[PDB]
Amino acid sequence: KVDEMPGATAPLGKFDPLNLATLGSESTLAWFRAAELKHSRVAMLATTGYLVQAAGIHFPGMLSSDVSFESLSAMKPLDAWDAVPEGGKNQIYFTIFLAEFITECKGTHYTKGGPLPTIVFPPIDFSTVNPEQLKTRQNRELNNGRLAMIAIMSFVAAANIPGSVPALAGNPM
Amino acid sequence: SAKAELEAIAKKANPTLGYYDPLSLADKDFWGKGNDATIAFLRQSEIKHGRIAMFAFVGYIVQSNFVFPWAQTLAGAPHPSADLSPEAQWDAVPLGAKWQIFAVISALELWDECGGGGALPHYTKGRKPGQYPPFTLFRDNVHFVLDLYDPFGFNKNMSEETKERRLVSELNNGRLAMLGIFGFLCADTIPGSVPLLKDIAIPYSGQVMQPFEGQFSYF
Amino acid sequence: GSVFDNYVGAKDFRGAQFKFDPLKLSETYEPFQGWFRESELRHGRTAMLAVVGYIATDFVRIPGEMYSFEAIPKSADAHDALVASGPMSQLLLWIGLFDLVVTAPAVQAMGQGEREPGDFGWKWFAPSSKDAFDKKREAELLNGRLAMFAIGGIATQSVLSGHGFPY
Amino acid sequence: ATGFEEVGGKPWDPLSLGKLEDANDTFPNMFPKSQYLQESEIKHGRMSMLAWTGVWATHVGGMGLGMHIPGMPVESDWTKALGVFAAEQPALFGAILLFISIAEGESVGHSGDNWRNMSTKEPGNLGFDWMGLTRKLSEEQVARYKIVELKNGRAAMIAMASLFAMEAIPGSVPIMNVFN
Ligand code: CLA
Ligand code: CLA
Ligand SMILES: CCCCCCCCCCCCCCCCCC(=O)OC[C@H](CO[C@@H]1O[C@H](CO)[C@H](O)[C@H](O)[C@H]1O)OC(=O)CCCCCCCCCCCCCCCCC
Ligand SMILES: CCCCCCCCCCCCCCCC(=O)OC[C@H](COP(=O)(O)OC[C@@H](O)CO)OC(=O)CCCCCCCCCCCCCCC
Ligand SMILES: CC(=O)O[C@H]1CC(C)(C)C(=C=C/C(C)=C/C=C/C(C)=C/C=C/C=C(C)/C=C/C=C(\C)C(=O)C[C@@]23O[C@]2(C)C[C@@H](O)CC3(C)C)[C@](C)(O)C1
Ligand SMILES: CC(=O)O[C@H]1CC(C)(C)C(=C=C/C(C)=C/C=C/C(C)=C/C=C/C=C(C)/C=C/C=C(\C)C(=O)C[C@@]23O[C@]2(C)C[C@@H](O)CC3(C)C)[C@](C)(O)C1
Ligand SMILES: CC(=O)O[C@H]1CC(C)(C)C(=C=C/C(C)=C/C=C/C(C)=C/C=C/C=C(C)/C=C/C=C(\C)C(=O)C[C@@]23O[C@]2(C)C[C@@H](O)CC3(C)C)[C@](C)(O)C1
């Protein structure tokens, strides 16, 4: 049921014109739920990770042995991805590769009604937090991700097609 | 409960103002700890910032006024100036003497938050149902009487009808001098001198949030 | 088993019960509990002397050519400019010898129950009770544990800084 | 959860190698008992999990890892990397070999005969539960991580057999001609 779900706010309510929540079973909807939950958290970190990396925040010192943080007083934030060395790019994926495991190896997987993906390290005891005010936050968490999923696509389209975005094309990136 | 306990003391500080909450900050988890440790931590912080505030403003006035003459350090010892900015009298404190000011605070900040013991009584409550509390036990080590907040004891003569006139006042008393800091301490950094404020610490102080003006950096 | 009601020192800086056994060492290595106490008492004593022994050496120095401030500017270097000349070989010989002829028979007598751990026979000023002797034992444990962290900081910061008494 | 999920829930002993020593009366104690076969499988698995990760972490370029302790010898392949290290660092190589020699001797010195079911210890139980694990966990998890250790030991033993075959038979495993 789309009623009783965080993510249904005031200006639209149940937003499903093409009826995709009905398209599978209840296990199907739980997969799309934590997809959008995960699509949000990647896009929120990438949108915010685009705005800085563009104003010059600049970690002091050396990233690696000879490829130190000149990647910011230089090439666009969409770049500095091949400038990061391979052993540096490798440990990023593998910390993620580890983090995708505890996410999957809980006692009850979430499409069987289990909990949503939680923090891998330092997991405070969690949302023992007043479930009325818990529902307001999961609306806040998803809506900021909804806005960030659009925004990171704006940032790619501006870096590929100049003039594809009006009040944003006059920005050095 | 926790929402109901502010609205009882909302309508006592100012009945025209009443319940003040547009940013909705007193109902919600900090690091993930719940509503009952939410309000009491924010009822905590609003007065710790305010207890220093009265103690800052009285501490500001007397340093703009009559300075303290003796020998301050062991060699040389001139006592930085009288008329001069307590802002940069704080920077004209020697390097050593700022650490023991900060360390005795940390001895009192270690003191405030632990919780009652498992084999001896030493500490009071923290934020689970605790109030915004004082220190109340200064006898646990080999020391003499320098009870904190209690020099010459006598506060043993008031009841629950009369203590609410002392708690809720200091709330509002601490909010005044809190604004009394930033209303003045901006007026040295900028000109603008909120109604009129002129015969003052005449340049800006120089990074009023700095504990140490010169000696050690981080790069 | 359950080392905490078998010995003493389960106390923090206050004296409230602390029970510091996170890795369950005394449960997985239960026959080594006497050795664990013996070692900790040994390390603590070594540290308490080597703290005091150290940093009180930037003030005074016994007379002599090598001892009195000549070839040895600071207190921290005093190893590997003294090892070659003899006093470190001489002080290794005795601490060695002592360890090879009496404390290895001592730790043999502990494991047979013929000796309380960390005894060595220095009963000159003991309060000679049960409540008061534990308080002296605890005061030895709580001081020795602090001296281990102490010289860990003092020996590290003196190679880094190179300064006098405040390192 | 059972250890047999990939072979059909049943004990995979084709060629009946655990039943030998009991089929006939003809070699009296010349084949290993169940307790000795269980420790050999755990031990071969633990050495293979370390050795695969070793040849994987020191391979430079390709997929590779190229991580290298400063001060040690730079050697490309794992095939000759022991004998270079044995000649150049005698004190470090001798201290590792003595540590392995004592711990491996202590494994059997306190317990009985393993070759015969007379050991009085669980197979694989070296006194290395320092983290205090299995004293805090419950019995379902403790029995589970044993099977986790087993199958990961088993995946690494087959890996080490692939890693041996590719250098003795140059076209043996074809998934590594490409992978390098
Ligand atoms: C309004 C929020 C705010 C802001 C913006 C800052 C900003 C800063 N804080 Mg700060 N702080 C704040 C609130 C804030 N604080 C609060 C609420 C606390 C809790 C009490 C602290 C506690 C705190 C500590 C404990 C320390 C800082 C320090 C610093 C500085 C760190 C960067 C640095 O080393 O630059 C360089 C430093 C400065 C620009 C300020 C001092 C300048 C001196 C005079 C030297 C200037 C010369 C040179 C050009 C710069 C440094 C060189 C070096 C060799 C000295 C920076 C200016 C650190 C600091 O300033 O140490 C030097 C430090 O140790 N903060
Ligand atoms: C862990 C303990 C320890 C260690 C390893 C050292 C090591 C060293 N000290 Mg040193 N020292 C220590 C404690 C220690 N000290 C203590 C506690 C003091 C204060 C009395 C001193 C005072 C001291 C001075 C003044 C000098 C040294 C010096 C030296 C160096 C040369 C050896 C020498 O002449 O020793 C001399 C040692 C002493 C004079 C006192 C040692 C007392 C020991 C610890 C007594 C405990 C054991 C004892 C036999 C038990 C008897 C009890 C009885 C009931 C049976 C050497 C690096 C010399 C040097 O070259 O300076 C760099 C030097 O000039 N030390
Ligand atoms: C790159 C990886 C390499 C780095 C990682 C470190 C390696 C992993 C740790 C190895 C630990 C070795 C296994 C534990 C052996 C200790 C035996 C012991 O202490 O109690 C064993 C004995 C205790 O003796 C017992 O005492 C009891 C009384 O409580 C009873 O009397 C018992 O009968 C008696 O057996 O302690 C002794 O050591 C006395 C003999 C002295 C000689 C022992 C051999 C030398 C040991 C050196 C190795 C120590 C390893 C360091 C520890 C961790 C390393 C940081
Ligand atoms: C809690 C359990 C921990 C599990 C460990 C795994 C995650 C570890 C993350 C950090 C590694 C830190 C070790 C420090 C090592 C260190 O920092 O060395 C730095 C080293 C840099 O090597 P370079 O060749 O860049 O260096 C050459 C130069 O340094 C010489 O000039 O980087 C690494 O080798 C990257 C490690 C990635 C390893 C991937 C791990 C395994 C996952 C594989 C799964 C993928 C394939 C399967 C997909 C199905
Ligand atoms: C076309 C043109 O020219 O104009 C431009 C205009 C403009 C405005 C530039 C454009 C845009 C898009 C915008 C403005 C996009 C913004 C998107 C947005 C809103 C991105 C938020 C991310 C949230 C983060 C990072 C939060 C992390 C939060 C983290 C990591 C937490 O710690 C969670 C937290 O809860 C815990 C667990 C503890 C709590 O105590 C509270 C905190 C927070 C600590 C366009 C569309 O591109 C076009
Ligand atoms: C959800 C989660 O898990 O995350 C956790 C992480 C963690 C770390 C555990 C948490 C925390 C703690 C936090 C975030 C603490 C933050 C504290 C903070 C931000 C404290 C600022 C003080 C600034 C002051 C006093 C400024 C004075 C400024 C003064 C006096 C000025 O005059 C300013 C000045 O400009 C003038 C006006 C004039 C100019 O001429 C000169 C200068 C520049 C001097 C949280 C909250 O739990 C969240
Ligand atoms: C990949 C990587 O880089 O990682 C690194 C780090 C890692 C993993 C650490 C590495 C390593 C080194 C290793 C593996 C070293 C192993 C050392 C080892 C295996 C050392 C055993 C000691 C056994 C003792 C002392 C037994 C005492 C046994 C005792 C004290 C008992 O009495 C047991 C008793 O049981 C009875 C009989 C009955 C019970 O009722 C009561 C108890 C329990 C008390 C590597 C290889 O370097 C790789």
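Values reported hereafter were calculated over all heavy atoms of this structure, with side chains retained and with hydrogens, waters and symmetry mates removed. In what follows, chains are A, B, ... by sequence order, proteins preceding strands, each numbered from 1.
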- Item | Atom CZ of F59(A) with >12 non-hydrogen neighbours under 6.0 angstrom | no
- Quick one: what part of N130(A) sits under 4.5 Å from any heavy atom of chain B, side chain, backbone, both or neither? side chain
- Query: So how far is it from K33(B) NZ to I124(A) CD1, rounded to the nearest 0.5 Å?
  - Reply: 5.0 Å
- How long is the span from the NZ atom in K28(B) to the CG atom in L134(A), to the nearest 0.5 Å? 13.5 Å
- Query: NE2 of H49(B): more than 12 outside heavy atoms within 6.0 angstrom?
  - Reply: no
- How about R127(B): does its CZ atom have over 12 heavy atoms from other parts shown lying under 6.0 Å from it? yes
- Message: Tell me if the NZ atom of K14(A) is crowded by more than 12 foreign heavy atoms within 6.0 Å.
- Response: no
- Query: Does a salt bridge link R137(A) with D29(B), judged by any charged N lying under 4.0 Å from a carboxylate O?
  - Reply: yes
- Donor-acceptor pair, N35(B) side chain versus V129(A) backbone, under 3.5 Å? no
- Query: Counting only heavy atoms not in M153(A), do more than 12 sit closer than 6.0 Å to its CE atom?
  - Reply: no
